[PDB]
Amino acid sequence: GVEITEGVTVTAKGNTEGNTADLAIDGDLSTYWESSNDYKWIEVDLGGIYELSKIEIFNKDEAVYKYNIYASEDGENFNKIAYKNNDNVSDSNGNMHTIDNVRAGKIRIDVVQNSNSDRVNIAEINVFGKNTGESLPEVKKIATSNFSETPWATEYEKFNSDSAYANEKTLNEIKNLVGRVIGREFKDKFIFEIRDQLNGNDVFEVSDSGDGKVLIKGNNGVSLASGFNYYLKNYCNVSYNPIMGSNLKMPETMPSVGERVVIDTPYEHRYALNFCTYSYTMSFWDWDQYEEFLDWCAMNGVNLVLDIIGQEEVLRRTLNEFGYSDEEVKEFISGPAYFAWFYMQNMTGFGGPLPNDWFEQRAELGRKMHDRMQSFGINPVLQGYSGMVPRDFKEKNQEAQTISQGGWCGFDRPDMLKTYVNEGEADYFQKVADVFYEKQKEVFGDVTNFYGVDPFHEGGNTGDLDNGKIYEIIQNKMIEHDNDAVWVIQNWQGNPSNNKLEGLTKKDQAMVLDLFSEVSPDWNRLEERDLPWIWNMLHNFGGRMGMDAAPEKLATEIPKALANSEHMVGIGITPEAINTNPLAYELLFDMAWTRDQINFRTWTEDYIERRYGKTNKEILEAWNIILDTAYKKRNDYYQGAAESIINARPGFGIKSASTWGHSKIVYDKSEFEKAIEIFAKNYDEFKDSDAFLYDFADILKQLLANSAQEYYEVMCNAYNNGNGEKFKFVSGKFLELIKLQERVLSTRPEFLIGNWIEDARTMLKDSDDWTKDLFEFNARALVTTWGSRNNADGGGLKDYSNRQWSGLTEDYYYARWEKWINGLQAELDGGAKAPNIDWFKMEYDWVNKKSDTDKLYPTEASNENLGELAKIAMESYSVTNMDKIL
């Protein structure tokens, strides 16, 4: 007491008809707010700041509800003050929660679960407390600096206008890179020099200084870093991969180069990054992780990188000019785990709203990246504009002409402005495009000539418009704001069509990324139309894990394409995530520095020695087995690594964990298991190499994925035959297999769900609890249900980004299999026929849990012995001994 019965108002961001937000606070138990969408929270203003003692919640029925309650005394920070997570039914008495005299002017109530419906509701909410006499402040409006006003602009222009300064900056940065990669104590062992290009091509040199130091020349920062990398790999037996295992143990004495080497590349561009990489991998990266990535990029010859960092600020400034408040902009933009599909015009809103602090922090991060990219000579690919607008754009701008784009995986696509209109009509494409390109300038300045945009990506609608004309006008608009503009276009599943592409009047100022060149190349159509294009290895889909690579194709098809083309302007990587199969990515970028086919087998032999720091005949034998099995050339169509049955929704006839995935293992499982045996035999000798431990975990989890598929078959067979005792035994072994898998996965920091989640929760500084919880939602949802019900199920996205991760395996994958198996067992045992399980309901329950109230996942890997774990797998849990195991 006392109850707050005067002056209290409420908002919501969605409701079903009739069931408006104000109905949560009208004193009437028979009327309710109800949610219409993925915003399932209301915000209550109390008409002043009160020290709260009690909050009372009534629901419309007797379902089981779960919810989190947040309070704010400053109007900005919403911190968690109470929650319901127990399985108690709601009833006519309501739920009463004690707060401990927390000051609050506003309250948020996020109802994350209703056992009866996808929709949530609040019939009534009563707030009790003592008036402080005070009122909330305003919220000051979102304010960001203009680039030209920042120290970043001064530095960018100085580098541009002063050669001596630029060279000193670059050379010093490359020295800083050496210190970060191998240690500060190695900086003075290298001398770096700028030189010119070799016959119009990027080039490096490595040689002896004459006094025991290493002289490295390069035409720019990336050539220099590539020379450093060449030295480490070829002379020091050192291998740098900050994401997927390194060997950084330097020799006692700096090895001599001997004969000087001069190495060039025939490719103008070496490209990195899918839009998807920004979501499946990079969602919650800090500057430390970005810096590491750029160092790896430069060392691997990368000079062209997709860049969407801080684009939310560009969009904010743009839409502010066409009748959108900052709050409406926040509702349009997705959450931090979904920018890939927001910028590809596939989805809106889901995962948001982003916090007010987001905009300045990301614009700063983007500026910081561009400074480092300038130093190295890496070209970012910024954004183009093709007509993307919110669905309410016409409501706010009545003369605008738009085309509804329909749905993508159950998400509402944003609208698209008609690229051209009739005489007499207002041309808002021209209006918004002009503003977009000018706002992008204001935020980041003139940092690139490369701009990426992709209308009609995985659907949409061209309406009444001419396809060729659409692409003509988009390109023309782009060139208008930058005369040297190059429109970077994705080639995905035969789109854009030839005659979209024939619409480009300036062929030399487009560049097409052939997205999937190592499995489904589609550059012939581009070469035929004199379109500059890049050969890309996609390789990774959704961050899904498993032993999978196409080394032979990379070693052969790339120089073959160069020899058989005139418009191949680069090679690159387009992975949906960067988390898997390091061999593939290293070989890909090595292929930039040759015009000839190489031997993928002897390449691998050299690769593993520098990756582990040592090699022997047996380790070589194990890797040849991998080359003969999991990494063997194939000629079919497939999307990513063969999926683990452990990660699939339980069921009969399972052929995949994800809708567009596959579970078929196209190589002999028992042959592959020999690699694990050899690794186990050599464990104690190689255990001081982290990259060896990484690879051992990779192949062993693959062994267990492979054998689980066989055990799953047997157990389904035992069901179908009515054999209760056999099903119990085989399903028991199947569950024990998953438990062993969890132990294997626990050995790697990169396989911990706790790191993914903690990164999300800590990615900004001075976040409130609201933002941390919402970002955790983004992290949990992306790797499981992806979206809500209509996206996971009807939309086909369920388990699209499934991960063979610790914590996730035990609490999510294992839990699903356990439930289904008890159900079948209960039936076999003279039971209750087994229920249909509403899988999404169970999955989302896990999605919505919070690290500070439910269960905190560890950020620390285990000490388990992979050699000993391999032994158990071979003995108990393998295809090889499966007949003796049963």
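Start at 1 and count along the sequence shown; that's the residue number.
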Could you tell me whether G831 lacks coordinates in at least a third of the other compared entries whose models cover its neighbours on both sides?
-> no
Report, as yes or no, whether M347 is left without coordinates in at least one third of the other compared entries.
-> no
Between 211-219 and 782-790, which has the higher average C-alpha B-factor in the PDB entry?
-> 211-219
Stretch with the greater mean C-alpha B-factor as recorded in the entry, comparing 252-260 against 311-319 | 252-260
Peak C-alpha temperature factor (PDB record), options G349, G75, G754, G301 = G75
Between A577, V305, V102, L745, which one tops the list for C-alpha B-factor in the PDB entry?
-> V102
With respect to C-alpha B-factor, does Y719 fall in the lowest, middle or highest third of the chain as deposited?
-> highest
Which third of the chain holds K60 when residues are ordered by C-alpha B factor: lowest, middle or highest?
-> highest
Lowest, middle or highest third - CA B-factor, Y231 | middle
Divide the modelled residues of the chain into thirds by Cα B-factor and specify which third, lowest, middle or highest, holds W41.
-> lowest
Binned into thirds over the chain's modelled residues, the C-alpha B-factor of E827 lands in the highest
